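To start, the structure itself, in structure tokens.
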Amino acid sequence: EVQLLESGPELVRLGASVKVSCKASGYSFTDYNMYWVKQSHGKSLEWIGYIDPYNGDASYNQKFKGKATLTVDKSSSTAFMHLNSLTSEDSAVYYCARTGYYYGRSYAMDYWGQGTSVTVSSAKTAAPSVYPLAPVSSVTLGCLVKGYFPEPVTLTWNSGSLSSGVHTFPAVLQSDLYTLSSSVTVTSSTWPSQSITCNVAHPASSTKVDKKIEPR
Amino acid sequence: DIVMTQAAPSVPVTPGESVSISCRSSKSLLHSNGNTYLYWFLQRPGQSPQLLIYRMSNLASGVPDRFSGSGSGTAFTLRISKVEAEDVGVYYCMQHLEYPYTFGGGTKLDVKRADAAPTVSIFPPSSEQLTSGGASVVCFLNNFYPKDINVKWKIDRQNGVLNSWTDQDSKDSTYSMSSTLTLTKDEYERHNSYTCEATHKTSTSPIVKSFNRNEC
């Protein structure tokens, strides 16, 4: 199975630069061109350019000419994308993706990495404050992750064991700060007869905390 | 630049029936070598894009037989026969003929399941949040269909509301929304009742979930 593993999320100051990486496995890295794609928050897709890991020649999109630079490391089977002088319009998700080539024909972007979210902002990393959401047949519980920056944050309930009946909602901004929300639904005979907490981890601020849902 | 156009932004489809996603290009994608360099990609919710069809009519590895690709030189069609619940996502077309490579706007596929009423649960602000000032009133509306639904906040109708939707679920084809009334400790403790009115197509009168500040 072909695997493309990309760099983690990044927070970059305005005007600064970032270098995202894409480590390939499951095939000979130098045999195929690595494409790069920008996806904006409106989920629209743009082709940035590609790099031939062998000779190292790279073709670029005219719009991203001068902003993107593609390189490669054969010793670690990794493609890299450098983006300089970043602005708010550069805040997006960037994908790398292999393009197959067999017997004279091409297979464009046949396998994609998980993507790398880039955030361009002057704001500083703020730690989240998590709050247990207790209620006032089946009872729903909640966990509120409010006031953190930047994305992302991981959320589980019983250390990942309780996965079914969970709705973890996308983060939304409010005055330059993210708010995350999640709700778990279980039978009335399970709570509060059985304990259930909330595992929230914010790596950018290095914060991992647990909040048991307590009755009011 | 070649401009790819997908006119329909969304197509409502009941499971078991066929769908056609259209894509037109500003120029013929027919190459002298006989192939047509049109590409279909799929992006499932929360996932990376995946190759669906390469060069107009060829299915990528593992792609269900239900999918097929056709077209002339300008007009192209992705026929998805017998839609399943896991076909939900955005379908993009892409031309691979000329530089720079360009993508369509994308067509969101929504599965038309049986209408489901929202399960509403309201949650008073946690004690931990009131201690540090500020009070968030959280309201969940889970597993409903269609997506169209209005959420109203009656205190004694105000603003400062932060809404968030999940994508259509891959399994049960439903939607979920998390509405959060963000208030201050001084504004919260000044008023008493807090209701979460929800108006949906599957509803006589709206669904109401409420509480009062000093009752429990």
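These protein sequences, in sequence, are chains F and U. For the first sequence, our numbering assigns the number 494 to the initial residue and increments by one for each residue that follows. For the second sequence, our numbering assigns the number 771 to the initial residue and increments by one for each residue that follows. C-beta atoms are modelled at their ideal positions from N, C-alpha and C, and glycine is treated no differently.
- Task: Look at residue 987 (chain U) and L932 (chain U) and say whether their C-beta atoms are less than 8 Å apart.
- Result: In this structure chain U extends from 771 to 986, so residue 987 (chain U) is not present and cannot be described.
- Message: Based on DSSP bridge pairs, tell me the residues matched to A561 (chain F).
- Response: F:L576
- Tell me the start and end of each unbroken beta strand (DSSP E) in the region 850-881 of chain U that is at least 3 residues and wholly inside, in chain order. 859-865 and 877-881
- Item | Opening and closing residue of the alpha helix (DSSP H) in which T901 (chain U) lies | It spans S897 to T901 - the alpha helix (DSSP H) in which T901 (chain U) sits, taken as one unbroken run.
- Would you mind telling me which residues of chain F sit closer than 7 Å to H961 (chain U), beta carbon to beta carbon, in chain order? Chain F residues near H961 (chain U): none, gap ~16 Å exceeds 7 Å.
- Message: I want to see whether chain F comes within less than 8 Å of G841 (chain U), judged by CB atoms only; does it?
- Response: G841 (chain U) does not count as touching chain F.
- DSSP three-state assignment for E957 (chain U), whether helix, strand or coil: helix
- At a Cβ threshold of 8 Å, is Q938 (chain U) touching chain F? No - not a single Cβ of chain F is within 8 Å of the one on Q938 (chain U).
- Examine the Cβ distances between the region 629-642 of chain F and the region 661-673 of chain F and report whether three or more of them are shorter than 8 Å. yes
- Query: Which of helix, strand or coil does DSSP assign to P663 (chain F)?
  - Reply: strand
- Based on Cα-Cα distance, which residue from F:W529, F:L626 and F:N554 lies nearest to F573 (chain F)? Comparing Cα-Cα distances from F573 (chain F) to each of F:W529, F:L626 and F:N554, the minimum goes to F:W529.
- Would you kindly report the start and end of the unbroken beta strand (DSSP E) that includes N526 (chain F)? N526 to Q532
- Message: Let me see if you follow: with CB-CB separation under 8 Å, is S802 (chain U) close to chain F or not?
- Response: no
- Message: Would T950 (chain U) pass as an interface residue toward chain F - the criterion being a Cβ-Cβ separation below 8 Å?
- Response: yes
- Would you call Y869 (chain U) buried or exposed, if buried means 16 or more other Cβ atoms sit within 10 Å of its Cβ? Counting C-beta atoms within 10 angstroms of its own C-beta, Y869 (chain U) has fewer than 16 neighbours from the protein chains shown and is therefore classed as exposed.
- Could you check how far apart the C-beta atoms of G841 (chain U) and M826 (chain U) are, in whole angstroms? I think they sit under 8 Å. 6 Å
- By Cβ distance below 6 Å, which residues in the same chain neighbour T700 (chain F) in space, the five residues on each side in sequence not counted? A620
- Message: Restricting to Cα atoms, I'd like to know which of U:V853, U:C793, U:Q813 and U:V858 is closest to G786 (chain U).
- Response: U:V853
- Message: For a quick check, are the C-beta atoms of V907 (chain U) and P894 (chain U) less than 8 Å apart?
- Response: yes
- Under 8 Å between C-beta atoms of residue 734 (chain F) and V505 (chain F): This structure cannot speak to residue 734 (chain F), because chain F is shown only from 494 to 709.
- Task: Using a Cβ-Cβ cut-off of less than 8 Å, list which residues of the region 810-822 of chain U approach chain B; keep chain order.
- Result: Protein chains F and U are contained in the structure displayed, whereas chain B is not.
- Any C-beta of chain F sitting closer than 8 Å to the C-beta of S896 (chain U)? yes
- Task: Within the same chain, show all residues whose beta-carbon is closer than 7 Å to that of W605 (chain F), passing over the 5 residues directly before and after it, in chain order.
- Result: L497, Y588 and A590
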